[PDB]
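Student: Below is the structure I would like to discuss, written out as structure tokens.
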Amino acid sequence: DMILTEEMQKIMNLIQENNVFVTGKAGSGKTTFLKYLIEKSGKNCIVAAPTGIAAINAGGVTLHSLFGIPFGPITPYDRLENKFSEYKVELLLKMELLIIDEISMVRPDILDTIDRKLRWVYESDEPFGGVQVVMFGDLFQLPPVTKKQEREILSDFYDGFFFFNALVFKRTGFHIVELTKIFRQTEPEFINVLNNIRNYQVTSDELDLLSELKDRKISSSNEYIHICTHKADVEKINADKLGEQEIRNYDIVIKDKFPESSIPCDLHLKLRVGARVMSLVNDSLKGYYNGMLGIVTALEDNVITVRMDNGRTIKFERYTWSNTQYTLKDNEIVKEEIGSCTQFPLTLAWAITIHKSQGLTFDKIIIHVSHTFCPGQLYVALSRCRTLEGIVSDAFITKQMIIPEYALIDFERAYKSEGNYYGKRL
DNA sequence: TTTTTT
Ligand SMILES: Nc1ncnc2c1ncn2[C@@H]1O[C@H](COP(=O)(O)OP(=O)(O)O)[C@@H](O)[C@H]1O
Ligand code: ALF
Ligand SMILES: [Mg+2]
């Protein structure tokens with residue numbers, strides 16, 4: 003039983021073939037309105053998002069899954085690493101509209117990599133292969149994570165590190181609408197404080213509403231979720247729950263060469279009945295995708311049985327990761343698998359990073375924000391909850407947790423003064 | 001520091 007704000011009506015006919025970027029405060033109804041348009045579109049829509057949890061929340065898959073995109077940045081001079089199977093092309097030409105939720109965490113070059121890969125399959129110079137595309141997200145929440153060495157690599161090509169700095173907006177553009185009804189939260193004394201943490205204009209008197217969060221009793225269990235700034239805090243929290251007793255350890259097996267730096271899974275996956283888990287890969291067959299959460303019910307020597315948040319029981323077998331590297335063969339340069347690891351594609355999920363929690367909704371969260379470092383990271387971390395009564399904090403909410411990004415004010419200025427559009431018009 | 005492939 004959902005409301006359609008007057009703004010939501012204003013969008014829809016704009017699409018029936022210009023592109024559109026829809027933004028608005030945390031819990032303004034972006035991710036739900038998105039779900040509703042996939043029905044009322046008449047177009048074959050394919051849904052993807054930068055991270056698996058947000059993707060699961062929106063219906064679809066990660067952007068790297070969808071477009072077979074390797075991890076590192078991709079320049080105009082870099083060669084496309086991966087080719088598409090004939091299924092994934094079927095998926096992409098049959099696609100009429102592409103969606104992207106939590107667009108704010110998407111690097112500029114991802115879009116250009118998606119641009120190039122789509123122009124290639126549609127055999128056209130149309131931007132994106134002439135595929136209408138609509139973007140959901142919010143710039144004043146989390147930006148894309150990049151690692152500085154990656155950043156200078158793209159400073160050679162990009163005047164900025166946000167999704168709108170994609171070079172294909174030199175060949176096309178999008179409209180911009182701001183949904184303005186915050187649904188998820190109801191107390192305005194609350195709501196007013198986050199809108200201000202969002203736009204960097206909050207005062208230490210409004211921050212004194214958030215005094216209650218410091219040091220409240222754990223009413224569990228209905229149990230709490232822990233969302234953190236760093237994985238260090240994540241791994242400790244879940245080891246703290248779960249505990250040392252009644253445990254089953256499952257060790258990774260690693261064929262040859264695969265450095266512990268980039269093993270994408272748990273080395274020693276320790277679990278007990280009733281442990282809260284997340285799945286890390288996609289298996290269409292069984293139906294698990296990377297982001298879904300479950301509850302573990304049956305641990306045998308080689309199969310882990312877990313019942314998902316959606317309801318269906320899965321039997322997890324182990325999954326194998328391959329370390330493909332580039333090497334020299336009979337005077338040929340070729341990606342040869344130099345190793346492999348094999349664990350169950352599961353990890354503990356009583357605690358997740360604030361990054362993985364963007365897009366989600368909760369009734370009782372626990373936040374660990376004493377060491378924030380990204381703009382809008384605090385803002386995401388405490389806008390997840392419907393009510394304040396339901397949030398705990400590891401430290402007081404100080405203004406040192408708010409980090410403004412002035413690239414974002416300029417971007418609003420640019421589009422708000424030019425009729426809510428951005429990029430080349432046609 | 002934070003995420004992410006077929
Ligand atoms: N149109 C709506 N009418 C009523 N409640 C809504 C609406 N949209 C969202 N909500 C409530 O807010 C929650 C989160 O909204 P969501 O769409 O996830 O926000 P975001 O735009 O930040 O993704 C939903 O789970 C629902 O409880
Ligand atoms: F952008 Al959201 F919950 F999807 F804040
Ligand atoms: Mg969303």
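With the authors' numbering applied, the first sequence covers 3 to 18, 21 to 225, 228 to 432. Quick reminder that beta carbons are idealized off the backbone N, C-alpha and C, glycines included.
1. Strictly closer than 7 Å from CB to any heavy atom of ligand 3: give me those residues in the order they appear in the chain.
2. Between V125 and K174, what straight-line distance do the alpha-carbon atoms span, to the nearest angstrom?
3. Per DSSP, what are the beta-bridge partners of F368 in this structure?
4. Do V149 and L101 have their C-beta atoms closer together than 8 Å?
5. Can you give the Cα-Cα distance for residue 1 and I157, rounded to whole angstroms?
6. Closest by CA to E210, which one among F194, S224 and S223?
7. Hey, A401 and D239 are a contact pair by Cβ (cut 8 Å); roughly how many whole angstroms apart?
8. Please check the pair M99 and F25, which I expect to be a contact at CB under 8 Å, by giving their CB distance rounded to whole angstroms.
9. Counting pairs of beta carbons, one from the segment 270-284 and one from the segment 301-314, are three or more of them closer than 8 Å?
10. Quick one: is the Cβ of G31 within less than 7 Å of any heavy atom of ligand 1?
11. Below 7 Å, is the gap between the Cβ of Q145 and the nearest heavy atom of ligand 2?
12. Taking contact to mean 3 or more Cβ pairs, one atom from each stretch, closer than 8 Å, check whether the segment 205-219 and the segment 386-406 are in contact.
13. Which of the three DSSP states, helix, strand or coil, is assigned to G28?
14. Spatial neighbours of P131 within its chain, please: C-beta separation below 7 Å, excluding the five flanking residues on both sides.
15. Quick one: grab the DSSP three-state call for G382.
16. Since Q251 is in the beta strand (DSSP E), which residue starts that stretch and which ends it?
17. Quick check: what's the CA-CA separation for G134 versus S128?
18. Taking the beta strand (DSSP E) that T319 falls in, what are its first and last residues?
19. Measure the Cβ-Cβ separation of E191 and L67 and say whether it is below 8 Å.
20. What residues match up with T348 in a beta bridge as DSSP calls it?
21. Could you check the C-alpha separation between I180 and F167 for me, to the nearest Å?
22. Would you call the segment 283-299 and the segment 315-329 touching, i.e. three or more CB-CB distances under 8 Å?
23. Give the list of continuous alpha helix (DSSP H) stretches no shorter than 4 residues that lie fully inside the segment 90-176.
24. Rounding to the nearest angstrom, what Cα-Cα distance links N169 and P112 in this structure?
25. Buried or exposed for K292, please, with buried defined as at least 16 other CB atoms from any protein chain shown within 10 angstroms of its CB.
26. May I ask which residues mark the beginning and end of the beta strand (DSSP E) holding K12?
27. Report the residue from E424, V398 and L6 whose alpha carbon sits nearest the alpha carbon of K185.
28. Check each candidate in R282, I260 and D257 and name the one with the smallest Cα separation from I243.
29. Let me know the alpha helix (DSSP H) ranges lying completely inside the segment 185-210, each 4 residues or longer, listed in chain order.
30. For residue 466, which three-state DSSP category applies?
31. Return the first residue and the last residue of the beta strand (DSSP E) that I60 is part of.
32. For a test of your reading of the model: does the CB of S389 fall under 7 Å from any non-hydrogen atom of ligand 2? Yes or no.
33. Span of the beta strand (DSSP E) holding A304?
34. Does the segment 369-379 come within contact of the segment 328-343, defined as at least 3 CB pairs closer than 8 Å?
35. For the beta strand (DSSP E) that contains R83, what are its first and last residues?
Tutor: Checking against the coordinates, here is how it stands:
1. Answer in sequence order: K34, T35, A58, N61, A62, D105, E106, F140, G141 and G365.
2. If you take the alpha carbons of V125 and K174, they lie about 21 Å apart.
3. Partner(s): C391.
4. Contact: no.
5. Since the displayed the chain opens at 3 and closes at 432, residue 1 lies outside it and no answer follows.
6. For the set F194, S224 and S223, the Cα lying nearest the Cα of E210 is the one of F194.
7. The Cβ separation is near 12 Å, so there is no contact.
8. About 19 Å separates the two Cβ atoms, so there is no contact after all.
9. A contact exists between the segment 270-284 and the segment 301-314.
10. Yes, Cβ of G31 sits closer than 7 Å to a heavy atom of ligand 1.
11. At least one heavy atom of ligand 2 is nearer than 7 Å to the Cβ of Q145, so yes.
12. The answer is yes - the segment 386-406 touches the segment 205-219, with three or more Cβ pairs under 8 Å.
13. When DSSP states are grouped into helix, strand and coil, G28 belongs to the strand group.
14. Cβ neighbours of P131 beyond the five flanking positions: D119, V172, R175 and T176.
15. Three-state DSSP puts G382 in coil, outside helix and strand.
16. From DSSP, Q251 is part of no beta strand (DSSP E); its letter is neither H nor E.
17. Here the C-alpha atom of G134 lies approximately 8 Å from the C-alpha atom of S128.
18. Boundaries of the beta strand (DSSP E) harbouring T319: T319 to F322, taken from the DSSP string.
19. The answer is no: Cβ separation not under 8 Å.
20. The partner list for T348 (beta bridge, DSSP) reads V259 and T326.
21. Distance from the CA of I180 to the CA of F167, rounded to the nearest whole angstrom, comes to 14 Å.
22. The segment 283-299 is in contact with the segment 315-329.
23. Here the runs fully enclosed are 90-98, 112-125 and 153-159.
24. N169 and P112: Cα-Cα distance of roughly 6 Å.
25. Taking every protein chain shown into account, the CB of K292 has fewer than 16 other CB atoms within 10 angstroms, so this residue is exposed.
26. Looking at the DSSP string, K12 is not in any beta strand (DSSP E); the run it does join, the alpha helix (DSSP H), is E8 to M14.
27. Cα-wise, what sits closest to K185 is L6.
28. Looking at the Cα atoms, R282 is the closest of the given residues.
29. DSSP runs (the alpha helix (DSSP H)) wholly in the segment 185-210: 192-202.
30. Residue 466 is absent from the model: the chain starts at 3 and stops at 432.
31. Secondary structure note for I60: it is in no beta strand (DSSP E), and the uninterrupted alpha helix (DSSP H) holding it is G56 to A62.
32. Using a cutoff of 7 Å, the CB of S389 counts as near ligand 2, since one of the ligand's heavy atoms is closer than that.
33. Note, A304: beta strand (DSSP E), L299 to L305.
34. These segments do not touch.
35. Per DSSP, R83 belongs to no beta strand (DSSP E) and is neither H nor E.
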